[PDB]
Every structure is written in C-alpha cells, then in structure tokens.
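What follows is each chain in one-letter form.
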Amino acid sequence: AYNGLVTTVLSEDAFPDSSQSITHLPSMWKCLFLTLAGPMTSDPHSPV
Amino acid sequence: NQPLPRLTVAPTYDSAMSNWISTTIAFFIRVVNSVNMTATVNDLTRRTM
C-alpha cells in the first residue's frame, strides 16, 4: 500500500556472495529462499 | 600460467611444473640404469632406486 514511500527490498545478507560456486549447498539454499521471497518484495529491481 | 577456476580443483599432471618434475625423474631413471651404475651398484639396490 505504501509503496513509493518505503519499498521493502531483500537484505544485503540474503544473497550468496559472488565467489561461492553453486556446488556449495548452503549457498544455493539461500538462492532458493530468495527466489521464493522474490515477488513479495515491492522492489522493482527484485526480479533481476 | 592460466587464470584460476571456481569449479572444484584436483591435482593434475598437465601443469608445466609437473612436466618438469616428470622429465627429470624419468631422465634420472636412465642414469640409474646406465652403464656407469650397472657395473658398480648391485641390481637389487637399483630397482629400489
């Protein structure tokens, strides 16, 4: 409702770091919890 | 040299250092099996070498 006054975005601690490969399982589990919590956020840059 | 990978690495013999290590050991084996060491050194202590 109050989008444009405050936009909920994903945390900077939510993304896996650029370096870890997808072969590391807990770094790919933070990518599963990110894609599911994607459209709930009101960031228009969230689907990137 | 080659740039690093972020895939899982494993010891390989492709690297130049490895090739250098291999040639010298291979070459020495020929020193151990030369006539300069066949006549003096016993054969049973040459297979260990």
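These notes cover the structure that comes with them.

The rules behind each value
- Residues numbered from 1 in each chain as written, not as in the entry; some residues may be left out.
- Chains lettered and ligands numbered in written order.
- Part of a larger assembly, values for the part shown.
- Heavy atoms only, no water.
- Helix = DSSP H or I, 4+ residues; strand = E, 2+ residues; numbered from the N terminus.
- Buried < 20%, exposed > 50% of the residue type's maximum accessible area, 1.4 Å probe, protein only.
- Areas by Shrake-Rupley, 256 points an atom, 1.4 Å probe, with all protein chains shown as cover.
- Salt bridge = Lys/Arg side-chain N within 4 Å of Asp/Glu carboxyl O.

**Some details on the overall build of chain A**
Part 1 of the argument: Within chain A, the secondary structure is distributed over 1 helix and 0 strands.
Part 2 of the argument: Burial analysis of chain A (48 residues in total) assigns 10% to the buried set.
Part 3 of the argument: For chain A, the accessible surface area stands at approximately 4200 Å², while carbon and sulfur atoms represent 65% of it.

**Some words on the pattern of salt bridges**
All names here are of chain B.
Part 1 of the argument: This structure, assessed with the given rule, holds 1 salt bridge over all chains.
Part 2 of the argument: For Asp-43, the salt bridge identified is with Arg-46, shortest N-O distance 3.5 Å.
Part 3 of the argument: Assessed through its relative accessible area of 40%, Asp-43 is described here as partly exposed.
Part 4 of the argument: A relative accessible area of 14% means that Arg-46 is categorised as buried.

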